[PDB]
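Chain by chain, the residues:
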Amino acid sequence: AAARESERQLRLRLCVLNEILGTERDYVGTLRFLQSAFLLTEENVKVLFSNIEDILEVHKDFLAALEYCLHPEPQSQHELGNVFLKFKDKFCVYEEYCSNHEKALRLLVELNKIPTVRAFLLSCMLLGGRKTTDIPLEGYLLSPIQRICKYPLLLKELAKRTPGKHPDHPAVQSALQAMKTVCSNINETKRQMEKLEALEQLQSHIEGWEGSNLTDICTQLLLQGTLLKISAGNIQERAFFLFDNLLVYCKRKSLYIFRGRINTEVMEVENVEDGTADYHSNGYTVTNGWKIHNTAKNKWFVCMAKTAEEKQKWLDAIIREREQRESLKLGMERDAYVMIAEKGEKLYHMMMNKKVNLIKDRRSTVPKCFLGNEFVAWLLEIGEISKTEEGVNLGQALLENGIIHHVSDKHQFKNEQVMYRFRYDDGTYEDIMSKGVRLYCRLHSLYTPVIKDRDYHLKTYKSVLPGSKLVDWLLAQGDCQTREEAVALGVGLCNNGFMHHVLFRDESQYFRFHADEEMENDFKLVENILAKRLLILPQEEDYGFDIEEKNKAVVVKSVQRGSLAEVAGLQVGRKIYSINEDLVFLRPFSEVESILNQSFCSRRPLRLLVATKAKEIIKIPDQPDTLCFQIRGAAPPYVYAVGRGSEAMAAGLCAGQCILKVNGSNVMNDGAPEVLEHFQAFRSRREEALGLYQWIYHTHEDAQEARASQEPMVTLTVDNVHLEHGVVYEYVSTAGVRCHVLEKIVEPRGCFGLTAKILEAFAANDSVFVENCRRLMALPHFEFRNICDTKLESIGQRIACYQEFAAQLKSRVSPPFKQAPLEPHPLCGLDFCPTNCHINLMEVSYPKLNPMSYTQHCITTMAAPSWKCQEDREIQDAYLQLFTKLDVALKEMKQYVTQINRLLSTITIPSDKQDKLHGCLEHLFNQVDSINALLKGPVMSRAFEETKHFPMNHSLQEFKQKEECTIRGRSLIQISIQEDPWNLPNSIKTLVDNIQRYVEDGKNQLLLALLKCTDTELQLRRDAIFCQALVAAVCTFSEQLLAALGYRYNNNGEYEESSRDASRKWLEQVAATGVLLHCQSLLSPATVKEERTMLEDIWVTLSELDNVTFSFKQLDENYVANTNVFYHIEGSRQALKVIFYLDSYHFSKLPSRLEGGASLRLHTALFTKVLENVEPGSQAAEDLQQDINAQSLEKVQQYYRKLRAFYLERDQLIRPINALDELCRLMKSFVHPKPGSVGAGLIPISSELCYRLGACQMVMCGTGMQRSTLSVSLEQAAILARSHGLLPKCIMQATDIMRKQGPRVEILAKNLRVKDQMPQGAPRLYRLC
Ligand SMILES: O=P(O)(O)O[C@H]1[C@H](O)[C@@H](OP(=O)(O)O)[C@H](OP(=O)(O)O)[C@@H](OP(=O)(O)O)[C@H]1O
């Protein structure tokens, strides 16, 4: 074996020789190419290259000597030290270039700043054949320093390999000394040599090194440390080393042992949650963790750092490196590509000339074919190129650069006279709608008029634009730098049918937009309508209710007994409007039948509308048998249910109906018994006339309550509620197709039950808190505890008030919404429903029976946070968060303790098992230390200071000195493992439980301080306001998600995107990250102080709202009429986990991930700017506006980074992403007060931005009446123009039809007490026209 060891050393020496040979051959080839292609004023060339020729010749002689030395092939009996010494003097050639290198690199930097000389250098580099993208000139230029610093290393290496019997060792050592002296005499080589020697010393500490040497592909030790990992279902602590394109982890015990390393280019970075545990984590919770991949082993692993700061350091460094290298290589390749395109264009045109015309239609005849031979002869002839190979390689690049191609496209570029063709010959070789829409909006958004009526030929033209002035303004805002940009934009606009001359051009010609031409048919109405959304579900054979034509108006034929339609309350004799959100009153009868058949085969959940009126008269037979319904509320009674399969269906009886009069009897104020007695069944028996009947309930809230607890005609005058003032529109598309913008305004169907359940969750949470606080406090000081108990009684009183509000809000049915208060009064259930909530829908219907498209864009409305009847607050929030973190940490620590105890049981062997246990124990100790620090946080210290007036078995100083005890326990664990692993589990339990006791002490003190520093009035107000905001958010997202599940919602139609894909994509985008809420508050804080304070409150309540989290859980019912989304609440304030219980069809369509109830977060976004003209306190209000906008901009930008990262992890996005980037630039400009001119285009532009994203929309205003309808119609109009082919000639046509004719007048129709007015000084785009 020893002979084999000597033979291995011999092989190593041979390897050193072979690599020396290869390196020298490669270097001389580098010099060969550099001199052959390059050797632009000639002084530049000489200064750059200096003395490469003498160096090249020295290396040539050296290589010849070496080659003869290895003659015929390398062996172990050759000598080279003499060859080295002989050239020792010859290496002074390097000094000249080393000195010149500074000037050469500075000159090359200058040239790089020169595009033409740089591209010329690139062309020359590409000519020869070397792929330029591989290496730039700079590496070749700087190579000599590296080569000279490396030769000593090669000498010493070969000396180490050299067998002792071989006498060349002293000679090689002398040569090494000479090379070191030569390197030293030049200080520039000193830096490279010292870096190399330091790296080699670091490697010398590596035991069992593998792979190429570190100095080869590395230059700097970026970072190092210790970091854990999971692998093969096991854990093994490791220390990672960070070198450029190299991640080196070694098994520390020379202090390091090789385990494995990765190349970054085959490396991936993926981040996980703080609290995840999956198969890749082998069911282990993750802290500060992230995922990496080695595609070589095509397996992943997780890396968990000791702290957050450590993880941040690692991510920052690794990113920085990958970012720099990516940017460098992308820039180089793109510059090369653009240069190829430019040169190809120039030369192609030069060939197109008749002079020595090479492009020709020769022979199947091949039009415009050129021979590579004649092409290259011409290129050389013009002096551009000097070698046939240079040109043929360049033509090969062009063919590969998609500039030319073989006639048959079955060959590459060869010097032969092979037929070749350009992509221009065969013809083989957007941002306007958004640009124009914005352009108009911004321009007319200005305060000081700009786009104005002007006198042309002594006759004023209305609202024209001096193209000169257009360019001047475009430059004024940095929107266009040079007049070329503005002129190009104006040319586009002119061809784009937005503006035209009064009779684009860069002079004083005057232009107005076609929209003002319409101002100074294509958008109209058809009808106005009121509807009730009769959500129906499929039955055994049909969807429940047939139809028939009557008065050429689609009407119901009959409703079959025992129908889900009868569940929803579908009558006979009602005109229909929609069927599957698909219009039918503008369609033939048979077409409506086809729509129904298609929905059946698709088994879709219908979302119809109907033609039922605000009052109805009902005649019911009265047998002396049973009531067949119920009633409740001394307030205007509302039918509370109705039997199924009964004449009550026949008579036209439906849940929720609010009876006003019966047989000509005023009851609207009287109680239930009054109407009850009129029925013979009630006369027979008071309550015993309620025969068994499948009871169908107004809301889930009472359906569940009644169901759990249980386990000769009469005229009626019922006043309905929760109706839908449907409008229609019509217009002819820009594509020419026909459209119906079937707007609606629904009121939030499931609104009450949500306020009820949220207040119930508040009550239960407060009750549990009270129970625990009371128990803890029971066991100066006496009066302190008495004060605490008084606070606790106050909490209980708040709980009772919450319960009473729950009862009330269960009682109320009418009116459908909370009237805006005009007077103060004590609290009441109505105070926690949203103030004037609504859902301004939209649709579309134009074919791609025949195919059709659809969409939606909800826009909810709601007044400012309504209530009339911080430092300590942030302290309290800090306590809340600390408690939550501590408890969660205790839970996960217990889980992991169980995991490790099971592992110890399994330990009950190969040393790798001992080492894995060691690493696991180290992780346990690390988590323990983390928890200890969290306990020791200043929040806890202040808490203890607050609790000093209460007896306790632990003190701040006692806890601090417990650190020594914890260190002792850890050392005792170490002693146990050293002596016997069987003593370890007991110490594990001991420490776990002792620290648990510490935790309980801490949270006791935390709760004590919380009570010690809490006030109830502000908390009650805050809960109210959050309740409103969350109600709005929940209903909004309910609507939008329900849209998605129907395969409707579509926020990107400008890319010919089918609805189905848009729905799936948005839904899963949410499931990955979540949803963003855009609150476009339009309040005027400088106007009313009250609205300013309401703005502050809505802002802070949104900030709190961020914590909310949703999740889904199937839920089945046959006992509610027209609500799929049986909402629910649970959890607490800090994390209120709502459950949008959906139904079976509305559960299958849920993406795969969420089907188990996984958190969807919820991000807030608030933007404020007073629509009317700006005209210290108000300065502070404006500053508040700016801060709100800034924070919201940061949050949206972060979500944008997240979304782009998702998609990149997940081509067509180039358009939307660039447009989004421009939008972000616009927003930054707006919010940034860089040196009124911005007007108010922020509102529309930002609305566009959020709609482009997956965001669900929402808007709040002063009073819900005037300041909001305008903005809403504006946004709807812009969406239409941007998404479904409207004629941008009709923009203001739509903008004014809406704000004058459409649903948005029913806000004033159903509401009269409200007080509001339209804007008085708004820009043109807002004011009515
Ligand atoms: O020593 P044994 O008991 O065989 O376990 C080894 C180590 O855990 C390695 O981890 P480390 O690299 O930290 O030393 C791991 O390499 P990876 O982490 O690269 O997967 C091996 O992965 P497999 O070869 O896939 O099992 C695993 O088998």
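Residues numbered from 1 in each chain as written, not as in the entry; some residues may be left out. Heavy atoms only, no water.

- cryo-EM is the method the PDB entry states for this structure, with the resolution given as 4.1 Å.

**With respect to the site of the ligand**
And then number 1: Taken together, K229, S231, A232, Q236, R238, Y249, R259, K299, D912 and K916 make up the full set of residues adjacent to the ligand.
And then number 2: In the environment of the ligand, an oxygen atom lies 2.5 Å from a nitrogen or oxygen atom belonging to the side chain of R238.
And then number 3: Within the side chain of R259, a nitrogen or oxygen atom sits 2.4 Å from an oxygen atom of the ligand.
And then number 4: Within the complex, the protein chains bury 63% of what would otherwise be the 560 Å² of accessible surface of the ligand.
And then number 5: Among the residues making up the shell around the ligand, the classes are represented as two nonpolar, two polar and six charged. (Near = heavy atom within 4 Å. Polar contact = N/O pair within 3.5 Å; in protein donor to acceptor, adjacent residues only side chain to side chain. Areas by Shrake-Rupley, 256 points an atom, 1.4 Å probe, with all protein chains shown as cover. Nonpolar A, V, L, I, M, F, W, Y, C, P; charged D, E, K, R; others polar.)

**Observations concerning the packing of helix α26 (residues 911–935) against helix α29 (residues 984–1012)**
Helix packing for two helices is described by the angle between their axes and how far apart those axes are.
And then number 1: Between α26 and α29, whose axes approach to 11 Å, the crossing angle comes to 15°. Relative to α29, α26 is oriented roughly parallel. Handedness of the α26/α29 crossing: left-handed. Counting all contacts with α26, which are made through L917, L921, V928, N932 and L935, the residues of α29 involved are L984, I988, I995, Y998 and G1002.
And then number 2: Per-class residue counts for the contact of α26 with α29 are eight nonpolar, two polar and no charged. (Axes fitted to C-alpha atoms, helices over the stretch in contact; angles between N-to-C directions. Helix = DSSP H or I, 4+ residues; strand = E, 2+ residues; numbered from the N terminus. Parallel < 35°, antiparallel > 145°, perpendicular 65-115°, else oblique. Left-handed = near helix turned anticlockwise from the far one by under 90°. Contact = heavy atoms within 4.5 Å.)

**Side note on the sheet that holds strand β13 (residues 404–406)**
And then number 1: One open sheet accounts for four strands, arranged β11-β12-β14-β13; its pairing is antiparallel. The open sheet terminates on both sides in strands that have one partner only, identified here as β11 (360–362) and β13. Taken over all neighbouring pairs, the strand axes of this sheet differ in orientation by 60° on average, direction set aside.
And then number 2: As paired elements, β13 and strand β14 (residues 419–422) share three bridges and run antiparallel to each other. (Pairing = 2+ DSSP bridges.)

**A word on the pairing of strand β5 (residues 239–243)**
And then number 1: Where burial is concerned, most of β5 is hidden: five out of the five residues are buried.
And then number 2: Of the two faces of β5, the one carrying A239, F241 and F243 and the one carrying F240 and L242 are both buried.
And then number 3: Here strand β2 (residues 221–224) pairs with β5 via three bridges, running antiparallel. Bridging from a neighbouring strand, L223 pairs with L242 of β5.
And then number 4: Where β5 lies against strand β6 (residues 246–250), five bridges are found, and the strand directions are antiparallel. In the sheet register, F241 faces β6, and the bridge partner there is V248.
And then number 5: Between β5 and β6, which pair antiparallel in sequence order, lie two residues; one of them, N245, sits at a positive phi of approximately 60°. (Buried < 20%, exposed > 50% of the residue type's maximum accessible area, 1.4 Å probe, protein only.)

**Some words on the sheet that holds strand β15 (residues 452–456)**
And then number 1: Strand order in the open sheet made by the four strands is β15-β16-β18-β17, with antiparallel pairing throughout. Every interior strand has two partners, whereas the edge strands, β15 and β17 (499–501), have only one. In this sheet, adjacent strand axes meet at a mean angle of 60° when their direction is disregarded.
And then number 2: Here β17 runs beside strand β18 (residues 510–513); their pairing, made up of three bridges, is antiparallel. Paired with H500 across the strands is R512, a residue of β18.
And then number 3: Across the sheet, helix α14 (residues 467–476) touches β15, β16 (459–466), β17 and β18, and the angle it forms with β16 is around 30°.

**Examining the nonpolar core**
And then number 1: By size, the foremost hydrophobic cluster in this structure holds 80 residues, and its most contacted members are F1037, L1041, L1105, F1110, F1112, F1140 and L1142.
And then number 2: With 60 residues, the next largest nonpolar core counts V28, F87, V117 and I145 among its residues. (Core = buried A, V, L, I, M, F, W, Y, C linked by side-chain atoms within 4.5 Å.)

**Description of the pattern of salt bridges**
And then number 1: The full count for this structure, using the stated rule, is 51 salt bridges.
And then number 2: In this structure, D335 and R118 form a salt bridge, with 3.4 Å as the shortest nitrogen-oxygen distance.
And then number 3: Each of the salt bridges in this network shares a partner with another, and the network as a whole consists of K462, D516, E520 and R1324. (Salt bridge = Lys/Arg side-chain N within 4 Å of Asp/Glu carboxyl O.)

**Observations regarding a positive patch on the surface**
And then number 1: On the surface, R1161, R1201, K1202 and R1204 cluster together to form a positively charged patch.
And then number 2: Here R1204 is to be found in helix α34 (residues 1177–1209).
And then number 3: For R1204, a relative accessible area of 32% gives the class partly exposed. (Patch = residues over 30% accessible without salt bridge, like charges linked within 9 Å, V, L, I, M, F, W, Y side chains within 5 Å. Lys, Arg positive; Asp, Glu negative; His and termini not counted. Charge placed at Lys NZ, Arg CZ, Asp CG, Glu CD.)

**Re the packing of aromatic side chains**
And then number 1: Taken as a whole, this structure holds 45 aromatic pairs when the rule is applied.
And then number 2: For the pair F762 and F1026, a centre-to-centre distance of 6.3 Å together with 35° between the ring planes defines the contact as tilted.
And then number 3: Given a relative accessible area of 12%, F1026 falls into the buried group.
And then number 4: Connected via pairs of aromatic rings, a cluster forms that spans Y348, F370, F375, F413, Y420, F422, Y424 and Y429.
And then number 5: Cation over ring: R686 sits above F682, and NZ or CZ is 4.7 Å from the ring centre.
And then number 6: Directly above the aromatic system of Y1119 lies the positively charged group of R707, at a separation of 4.3 Å from the ring centroid. (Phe/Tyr/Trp six-rings, centres within 6.5 Å; stacked < 30°, edge-to-face > 60°. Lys NZ or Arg CZ within 6 Å of the ring centre and 35° of its normal.)

**Let's talk about helix α15 (residues 483–495)**
And then number 1: If you check α15, its first and last C-alpha atoms are 18 Å apart, about what 13 residues at 1.5 Å a residue would give, namely 18 Å.
And then number 2: For α15, every residue scored as buried is listed here: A486, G490 and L493. Buried residues of α15, seen end-on, are gathered within an arc of 60° and therefore sit on one face of the element. Residues of α15 that are exposed and point more than 90 degrees away from the buried face comprise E484 and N495.
And then number 3: Those residues of α15 that are buried are in contact with α13 (432–444), α14 and β17.
And then number 4: Once α15 finishes, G497 follows within two positions and takes phi at roughly 65°, a positive value. (Expected span 1.5 Å × (residues − 1). Arc of directions from axis to C-beta.)

**With respect to the side chain of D582**
And then number 1: Topologically, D582 is positioned in the loop between α17 (564–568) and α18 (589–602).
And then number 2: Here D582 falls in the buried class, since its relative accessible area comes to 7%.
And then number 3: At 3.5 Å, the side chain of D582 and the side chain of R587 are in polar contact.
And then number 4: Discounting residues that sit within four places of it in the chain, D582 has contacts with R587, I595 and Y854.

**Some words on the environment of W290**
And then number 1: On the secondary structure map, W290 appears in strand β9 (residues 289–294).
And then number 2: Spatially, the C-alpha atoms of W290 and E310 are 12 Å apart, while their sequence positions differ by 20 residues.
And then number 3: Apart from the residues lying within four places of it in its own chain, the contact partners of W290 are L227, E270, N271, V272, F301, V302, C303, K311, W314 and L315.

**Brief notes about the side chain of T215**
And then number 1: Locating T215 in the fold gives a position in the loop between β1 (206–207) and β2.
And then number 2: Judged by relative accessible area, which is 10%, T215 ranks as buried.
And then number 3: Here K150 takes part through its side chain, which lies 3.2 Å from a polar atom of the side chain of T215.
And then number 4: Once you skip the residues sitting within four places of it in the chain, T215 turns out to touch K150, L196, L199 and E200.

**Some thoughts on unusual backbone geometry**
And then number 1: Cis geometry marks the peptide bond from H71 to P72; its omega dihedral reads 0°.
And then number 2: With respect to the helices and strands, the residue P72 is situated in the loop between α3 (52–69) and α4 (81–86).
And then number 3: Residue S814 is joined to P815 through a cis peptide bond whose omega torsion reads -5°.
And then number 4: Relative to the elements of secondary structure, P815 occurs in the loop between α24 (781–811) and β31 (838–840).
And then number 5: Non-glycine residue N245 carries a positive phi angle of around 60°.

**What about the pairing of β16?**
The side chains of a regular strand alternate between the sheet's two faces.
And then number 1: As paired elements, β15 and β16 share four bridges and run antiparallel to each other. Its bridge partner lying in β16, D455 is registered against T460.
And then number 2: Taken together, β15 and the strand that follows it, β16, pair antiparallel across an intervening segment of two residues, in which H457 is found at a positive phi of about 50°.
And then number 3: Bridge analysis of β16 against β18 gives three bridges, and the strand direction is antiparallel. In the strand pairing of β18, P466 is matched with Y510.

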